[PDB]
Amino acid sequence: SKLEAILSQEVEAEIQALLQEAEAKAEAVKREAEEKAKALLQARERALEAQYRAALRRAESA
Amino acid sequence: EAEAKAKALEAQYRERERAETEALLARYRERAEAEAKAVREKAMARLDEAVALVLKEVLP
């Protein structure tokens with residue numbers, strides 16, 4: 001039947017829209033997780049090198 | 001992987017800190033002993049100019 005095929009089309013269209021929305025969501029999720037992890041790694045070179053340099057400052061002064 | 005690279009860079013730069021700190025401080029110790037010995041050994045031959053001066057200026 002026509003509406004046999006049309007309800008099959010509706011199920012396929014809702015599944016395809018569902019998975020496209022899920023693709024956009026998963027891409028934004030891996031984007032935000034990678035941005036947070038790289039903000040971590042960018043902050044850690046500051047948080048470690050500043051400690052190392054201040055240690056050499058006070059060691060040289062001592 | 002974030003915790004592993006954090007811990008690895010921590011152990012790496014604390015090894016670096018420890019080794020370069022002790023290598024700096026022992027060298028400053030060596031140069032300090034050398035400077036103290038050098039000023040004492042320069043002053044020893046320089047001495048006996050002083051004792052006559054102070055004993056001349058205290059006494060009338």
# chains A, B, ... in the order shown; residues from 1 in each chain; ligands from 1
>>> interface_residues(of="chain B", to="chain A", cutoff="10 Å", atoms="only C-alpha atoms", output="ChimeraX atom specification")
/B:1-2,5-6,9-10,13-14,16-18,20-22,24-25,28
>>> write_last_selection(atoms="N, CA and C atoms", output="CSV table (one decimal), in the first residue's frame")
chain,number,residue,atom,x,y,z
B,1,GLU,N,44.7,9.1,29.7
B,1,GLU,CA,45.9,9.7,29.1
B,1,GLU,C,46.2,11.1,29.7
B,2,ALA,N,45.2,11.8,30.1
B,2,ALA,CA,45.5,13.1,30.8
B,2,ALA,C,46.2,12.9,32.1
B,5,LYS,N,49.9,11.6,31.3
B,5,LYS,CA,50.8,12.6,30.9
B,5,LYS,C,51.1,13.7,32.0
B,6,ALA,N,50.1,13.9,32.8
B,6,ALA,CA,50.3,14.8,34.0
B,6,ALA,C,51.3,14.2,34.9
B,9,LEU,N,55.0,14.1,33.2
B,9,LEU,CA,55.6,15.3,33.1
B,9,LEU,C,56.0,15.8,34.5
B,10,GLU,N,55.2,15.5,35.5
B,10,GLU,CA,55.5,15.8,36.9
B,10,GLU,C,56.8,15.1,37.4
B,13,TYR,N,60.0,16.6,35.3
B,13,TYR,CA,60.5,17.9,35.7
B,13,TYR,C,60.9,17.9,37.1
B,14,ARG,N,60.4,17.0,38.0
B,14,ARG,CA,61.0,17.0,39.3
B,14,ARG,C,62.3,16.3,39.4
B,16,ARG,N,64.4,16.6,36.8
B,16,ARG,CA,65.2,17.8,36.3
B,16,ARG,C,65.5,18.8,37.4
B,17,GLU,N,64.5,19.2,38.2
B,17,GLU,CA,64.6,20.1,39.3
B,17,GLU,C,65.6,19.6,40.3
B,18,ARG,N,65.5,18.4,40.7
B,18,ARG,CA,66.4,17.8,41.7
B,18,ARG,C,67.8,17.8,41.3
B,20,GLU,N,69.4,19.4,38.7
B,20,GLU,CA,70.0,20.6,38.4
B,20,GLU,C,70.2,21.5,39.6
B,21,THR,N,69.3,21.3,40.6
B,21,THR,CA,69.4,22.1,41.9
B,21,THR,C,70.6,21.6,42.6
B,22,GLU,N,70.8,20.3,42.8
B,22,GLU,CA,72.0,19.9,43.5
B,22,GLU,C,73.3,20.1,42.7
B,24,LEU,N,73.8,22.7,40.8
B,24,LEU,CA,74.1,24.2,41.0
B,24,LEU,C,74.7,24.4,42.4
B,25,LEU,N,74.1,23.8,43.4
B,25,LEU,CA,74.4,24.2,44.8
B,25,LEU,C,75.8,23.6,45.2
B,28,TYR,N,78.3,26.1,43.6
B,28,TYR,CA,78.4,27.3,44.5
B,28,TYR,C,79.2,27.0,45.7
>>> atom_distance(atom1="CA of residue 15 (chain B)", atom2="CA of residue 50 (chain A)")
15.7 Å
